[PDB]
Amino acid sequence: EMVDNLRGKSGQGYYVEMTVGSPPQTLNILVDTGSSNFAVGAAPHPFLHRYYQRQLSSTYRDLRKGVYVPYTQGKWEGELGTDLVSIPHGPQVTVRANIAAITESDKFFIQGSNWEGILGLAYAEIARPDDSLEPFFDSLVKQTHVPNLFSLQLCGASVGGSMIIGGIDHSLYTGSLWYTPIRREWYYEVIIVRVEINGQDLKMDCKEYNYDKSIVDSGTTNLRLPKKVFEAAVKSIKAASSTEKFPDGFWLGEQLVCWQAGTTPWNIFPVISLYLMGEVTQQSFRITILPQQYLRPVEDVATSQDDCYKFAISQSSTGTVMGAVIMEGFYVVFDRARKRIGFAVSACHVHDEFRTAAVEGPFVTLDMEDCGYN
Ligand SMILES: CCNc1cc(C(=O)N[C@@H](Cc2ccccc2)[C@H](O)CNCc2cccc(OC)c2)cc2c1CCCS(=O)(=O)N2C
């Protein structure tokens, strides 16, 4: 019943079906671990197939307060209110929640995305206009008997996956679940203790990996890195892939790379290993990312004699973001109750006949430095 309740298009986010209001209005809502506002289109927009019509809901209540939310990509404004909300292919509950009714936006909605709103699944501390605006998942836990946990299985033109609310579906992963502590309940903030490119350590003070935070964000496409880590990573991947030479704009996300259909040279690209802080002192585990994840395919029938890709690793001035291209092929458990994040290899794991994505541990370390930036 909850398995395969997510759809999407590549680079455009993953969405679940929801209803808002009485009687219920059906909307597709992008799943975002990287924010904390539930918001839906509530006025006509060229890219919106449908929108929330507050005048048709008897349960709607205006809070008489505006809100503005700018993200890394896009922004919107609107009006706070509350209403009844359900998730048809989720738990069978109806909850009264805070809803921002988007009445104006800029570069937020995406042409042909199939979604009309966003579900911020992070904590109150980053909610706008402030932490008194109770996020949806908190409302759900408080009002129903749903356990304080959800899991995401994102799979890689159209895509799919599963959001499991209130527990863990063993059928969605193989091997062991490894847990990294949530350092601070605002974003799902975690700590990276080491980065290797094709087995070779980037040899940087580990605080750099976390300048000025590291988050797990289903609402952001790319792996985003602080400039210093980004520069060092690109150098290493360039070196590893030097059998071919790409335009500088490729590495900067300004240009596709294309190969004749079926001939993508996966093997010239390295594996990236991210080591996450363990639940025990100086211990860690690693998740390993194949180029099939960080070279994001760009579907376009005009270019379809070729397979074409964008480099899905980019530079950040606000810390590390482990985005959807990193999450895909892992089963990720947001165990809010025990303040930790679990990673396991998922049922839709990425792999060819030579290499596979993995979650492996434990790794131990002599160095007693705390890797947290602040
Ligand atoms: C298909 C979405 N594409 C992207 C979304 C977002 C994003 O801001 N995501 C928002 C949510 C969002 C989802 C869909 C459209 C627009 C936005 C995340 O919430 C960002 N998370 C961290 C954050 C950053 C700043 C403010 C903030 O307020 C809560 C939260 C960012 C980015 C992309 C794709 C372009 C390359 S990227 O992955 O490096 N990048 C800049």
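Side-chain atoms are counted along with the backbone in the values below, which use heavy atoms only and exclude waters and symmetry mates. Counting starts at 1 for both ligands and their atoms, in listed order. Heads up: numbering here begins at 1 and tracks the sequence.
Heavy atoms of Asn37 found under 4.0 angstrom from ligand 1: none, in either backbone or side chain.
Taking the six-membered ring for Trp, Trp251 and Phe311 have ring centres closer than 6.0 Å. Checked against a 6.0 Å centroid threshold, the rings of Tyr188 and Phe334 count as neighbours.
In terms of polar-atom proximity, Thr221 is counted as a contact of ligand 1, with an N or O under 3.5 Å from an N or O of the ligand. In terms of N/O distances under 3.5 Å, ligand 1 is not approached by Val69. Below 3.5 Å of separation, one finds no N or O of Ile215 facing any N or O of ligand 1. Looking at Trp115 next to ligand 1, no N or O pair under 3.5 Å apart turns up. Residue-to-ligand polar distances place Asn222 within reach of ligand 1: an N/O pair is separated by less than 3.5 Å. At under 3.5 Å, a nitrogen or oxygen of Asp217, whether backbone or side chain, sits near a nitrogen or oxygen of ligand 1.
For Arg336 and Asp138, the salt-bridge test passes: some basic side-chain N is under 4.0 Å from an acidic carboxylate O. Here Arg184 does not pair with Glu189 in a salt bridge; the nearest charged N to carboxylate O distance is not below 4.0 Å. A salt bridge between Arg96 and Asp83 is absent, with no side-chain N of the basic residue lying under 4.0 Å from a carboxylate O of the acidic one.
Between the side chains of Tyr209 and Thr320, no donor-acceptor pair of N or O atoms lies under 3.5 Å.
Considering each of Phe108, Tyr187, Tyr71, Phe109, the one bringing a non-hydrogen atom nearest atom 15 (C) of ligand 1 is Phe108.
Here is the list of ligand 1 atoms found below 4.0 Å of a heavy atom in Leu30: 13 (C), 14 (C).
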